[PDB]
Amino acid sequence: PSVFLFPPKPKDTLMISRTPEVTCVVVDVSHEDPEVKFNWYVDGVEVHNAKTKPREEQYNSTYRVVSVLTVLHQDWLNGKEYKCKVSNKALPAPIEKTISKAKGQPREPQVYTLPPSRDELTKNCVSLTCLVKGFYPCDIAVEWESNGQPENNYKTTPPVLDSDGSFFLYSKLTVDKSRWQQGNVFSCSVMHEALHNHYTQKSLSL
């Protein structure tokens, strides 16, 4: 049995209204000796907030067991380590994994909206570009909205390490050229721990 530990989603940790969680997924759980125990420690201190989820089956006759631990927003943002100890007798080794936020000084993201190029106006749909650069850590959330209504036809590139040690990304919202030249205003909403109120908003219009 091999374990894969996952971090909380960036949006969950930045808004107090949401609940961030650390996901500990055991993937090679076997029918024999399926007693997969879960002990959780924050900064080495055992905590009892976890809730193991029901198992799942696959096409390779292998079970999947997941334990979900709710985490405090500041605990993750302060860098505290989370250790997922998996106690299963399927294999002798008591596999243990640790997770933590990336260490280092958070750097404020820079948000620049870029209008579509003149060459793209030939096409029936144009591309609205949102450039976010100079942020650290890579944990970030980017969304698009217009008139207080979220847009859905956007894709965000994964964060990429830059020369200066910071991260950058692009978010591309694709809309009909009619909407663009009708004068509609679109906004790129960026959430990051180094932002004031963990949120900034840049607008783009004709």
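Start at 1 with the first residue shown and count on from there.
- Averaged over Cα atoms, the B-factor as recorded in the entry is higher for 51 to 59 than for the other of 51 to 59 and 154 to 162.
- Annotation for 194 to 202 versus 16 to 24: the higher mean temperature factor (C-alpha) is found in 16 to 24.
- When the C-alpha B-factors of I140, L169, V36, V175 are read from the PDB record, the largest value belongs to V36.
- Per the PDB entry, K85 shows the highest C-alpha temperature factor of the residues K133, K101, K85, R107.
- Per the PDB record, residue ranking by Cα B-factor puts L128 in the lowest third of the chain.
- Ranked by Cα temperature factor within the chain, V111 sits in the lowest third according to the deposited record.
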